[PDB]
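Heads up: the protein sequence lines correspond to chains D, V and A, in order.
Count the first sequence with the numbering used here and you get residues 1 to 56, in order.
Count the second sequence with the numbering used here and you get residues 1 to 224, in order.
Count the third sequence with the numbering used here and you get residues 1 to 132, in order.
Cβ atoms here follow ideal geometry from the backbone N, Cα and C, with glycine treated the same way.
One structure is given here, and the rest of the page talks about it.
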Amino acid sequence: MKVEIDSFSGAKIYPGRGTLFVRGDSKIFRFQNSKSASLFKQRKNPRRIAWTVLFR
Amino acid sequence: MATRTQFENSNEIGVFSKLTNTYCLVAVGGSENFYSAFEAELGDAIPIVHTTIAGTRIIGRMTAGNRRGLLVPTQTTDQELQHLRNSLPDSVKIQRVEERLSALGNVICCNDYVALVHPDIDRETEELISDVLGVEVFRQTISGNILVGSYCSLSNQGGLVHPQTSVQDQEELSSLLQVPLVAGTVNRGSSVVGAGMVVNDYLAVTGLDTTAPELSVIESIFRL
Amino acid sequence: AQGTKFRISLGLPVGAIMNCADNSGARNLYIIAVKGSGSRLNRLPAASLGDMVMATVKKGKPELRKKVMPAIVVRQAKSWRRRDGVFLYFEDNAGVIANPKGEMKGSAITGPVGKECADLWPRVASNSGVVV
RNA sequence: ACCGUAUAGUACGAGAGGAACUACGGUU
């Protein structure tokens, strides 16, 4: 909890920032920034993206 | 015994508190009159853990559990989780559960032996509940409502269910839960007995508005 | 009332048409006035999340239709401010019919509810599946 | 300028009901 990881790319999220998405079924996605969210909205999966930490 | 109190001017104690035989959870921002209701009769007996769940203070509806374990929503922050693990005894397991039917406290109704769950819950989740709470789980509906934890207050002594529950369901549920069950109301007419009061084997806390007859049924069925 | 604990910009005015979040039988509601808050913007009265509002039933079953009832705003398109600073916005605007006493039935909501609201109306909270 | 909490389910009251000084949080 003290450390935060982007539920998308996997990179660390600077504290005091980032956005949290509420699933509605109360699932939670913590996004480091808009670019990640944008990709997610795209319905791309982080593993597919080479730049993402998750992939690498 | 059985006492009355309020969180602010709310009688729905079950919404802001969670009581088991081995621990008590209360919302972080309560008043002395509210906290005392428990401190005064639990004393140094069992841990009284102040907390928030997913940042909210409606911890009674946001969690479910008994003496062996506590279930918390996924959105429970790591800080709240760490605080819980540290305050509650080691023998109790704290597990995050991912279910979106409703708040855990409305979907699950349990004592230390049996637990009723929302009838639409998935198998994987129903096994997790049984596992963590070390209890037998049954998908049920109380008088038609799927929010079992909201229409049923239960201890190992007895239980109270929706006032319209037929005698036939009461008899069947009694057998299923292994405790005497009686249809009744709390906080002056409310049929949401699950949210209106908290209770364990030795203490029952309900709202200031619970009538004399309603409190009589409570201390009688929960054997207080 | 009790502090909501978050900052809200009122999304709805009187006359706004909103979705009815429950299984009462009322599909859509019209906001007549904002009662449990007081008329905040007063010349055009405005209501937002957490407010209690008086409503009339525009669409729904005939029994429900044209009934004037109280309700609580569960969600709104316009953003809110959290203490942390994050803003949250919902897909649509919706409210749940509540009683004179202040109870829901409290079958379900369907969908998530704001923690702020649950705190103000515990009974409604007592029937929420999830609170964000 | 208002709401809320502590004060306090206290003083006052048969009961129903139900304040304040002060200290806080917030809204407009």
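For the segment 65-81 of chain A, no residue has a beta-carbon sitting nearer than 9 Å to a beta-carbon of chain D. Residue pairing for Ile108(V): DSSP places it in a beta bridge opposite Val117(V). Not flagged as an interface residue toward chain A: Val3(D), since no C-beta distance is shorter than 8 Å. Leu41(A) sits exposed, since fewer than 16 C-beta atoms from the chains shown fall within 10 Å of its C-beta. In this structure the segment 136-145 of chain V does not lie against the segment 84-104 of chain V, because fewer than three pairs of beta carbons, one per stretch, are closer than 8 Å.
For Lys115(A), the chain V residues whose C-beta falls within less than 8 Å of its own C-beta are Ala54, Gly55, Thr56, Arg57, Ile58, listed in chain order. Residue pairing by DSSP puts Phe29(D) in a beta bridge opposite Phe21(D). For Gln178(V), the secondary structure class from DSSP, reduced to helix, strand or coil, is coil. Straight-line measurement puts the Cα of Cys117(A) at about 16 Å from the Cα of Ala27(V).
When the alpha-carbon of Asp44(V) is set against those of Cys24(V), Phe34(V), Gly29(V), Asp112(V), the nearest one is in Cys24(V). Beta-bridge annotation (DSSP): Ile17(A) is paired with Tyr30(A). Contact residues of the segment 22-35 of chain D toward chain A are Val22, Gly24, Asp25, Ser26 (C-beta to C-beta distance below 8 Å).
Cβ neighbours of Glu126(V) within its own chain (closer than 8 Å, five residues either side excluded): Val117, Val137, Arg139. Among the residues facing chain D, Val130(A) is included, as its CB has a counterpart in that chain under 8 Å away. Check the Cα spacing between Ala77(A) and each of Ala1(A), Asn19(A), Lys5(A), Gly15(A): the tightest is with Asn19(A). Residues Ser79, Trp80, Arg81 of the same chain have their beta carbon placed closer than 8 Å to that of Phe87(A), with the five preceding and five following residues left out of the count.
The beta carbons of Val57(A) and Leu29(A) sit closer together than 8 Å. Around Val22(D), the same chain offers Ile28 as residues with beta carbons nearer than 7 Å, after the five sequence neighbours per side are excluded. In the three-state reduction of the DSSP assignment, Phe40(D) falls in the helix class, which pools H, G and I.
Rounded to whole angstroms, the gap between the alpha carbons of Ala40(V) and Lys67(A) is 47 Å. Per DSSP, the beta-bridge partners of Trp80(A) are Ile8(A), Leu88(A). A direct Cα-Cα distance of roughly 12 Å separates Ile48(V) from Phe34(V). Residue environment analysis places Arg75(A) among the buried positions, since at least 16 neighbouring C-beta atoms fall within 10 angstroms of its C-beta. A residue is called buried once 16 or more other Cβ atoms fall within 10 Å of its Cβ, and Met1(V), having fewer, is exposed. Distance between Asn145(V) and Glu91(A), taken at the CA atoms: about 28 Å.
At least one beta carbon of chain V lies nearer than 8 Å to the beta carbon of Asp119(A). The beta carbons of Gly60(V) and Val198(V) sit about 7 Å from each other, so the pair counts as a contact at 8 Å. Rounded to whole angstroms, the gap between the alpha carbons of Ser48(A) and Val34(A) is 9 Å.
Beta-bridge partners assigned by DSSP to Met1(V): none are found. Residue-level contact by beta carbon holds for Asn127(A) and chain V, with a gap shorter than 8 Å. Annotated three-state conformation of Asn42(A) is coil, per DSSP. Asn200(V) does not reach chain A, its nearest Cβ partner there being about 19 Å away, counting only Cβ pairs nearer than 7 Å.
Interface flag for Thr125(V) against chain D is unset, since no Cβ pair is found closer than 8 Å. Note that the segment 186-195 of chain V touches the segment 208-219 of chain V; at least 3 beta-carbon pairs, one per stretch, sit closer than 8 Å. Interface with chain D (8 Å Cβ-Cβ cutoff): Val124(A) is excluded.
Fewer than three pairs of CB atoms, one per stretch, sit closer than 8 Å, so the segment 32-40 of chain D makes no contact with the segment 168-187 of chain V.
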